[PDB]
């Protein structure tokens, strides 16, 4: 109970850095990178008991995951990878690992001031995406 309270709400993307290079490193193709890089998603996070739901709504795609911390699940990502995901809380940071085709990427979500900061890492490449309350 109360684990992710500071994450809950409706959030709007306000800045992005290095996302094209992150997407390249993940293997996303040209057209998807261009269209996806234009999107300004809203991220809606909610908690009901032990189940966390993260929805992303954008002009590119609407996605939704629900999960229990530490419990692996199947995810189809916005760029159409079929991945196996596990999300844990590490020192107040939501840590989301995706595995597919022998590859791995980690997405960290943390509260910093009034922002929700999303750090996406693939090998040596990091993208930082900043959300504010909608």
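Numbering follows the first chain given and starts at 1.
- When the two stretches 63 to 71 and 99 to 107 are set side by side, the higher mean Cα temperature factor goes to 99 to 107.
- Mean C-alpha B-factor is higher over 75 to 83 than over the other stretch, the pair under comparison being 48 to 56 and 75 to 83.
- Looking at the C-alpha B-factors along this chain, the one for residue 122 belongs to the highest third.
- When the modelled residues of the chain are ordered by their C-alpha B factor, residue 14 lands in the highest third.
- Residue-level temperature factors show residue 88 in the lowest third of its chain, judged at the C-alpha atom.
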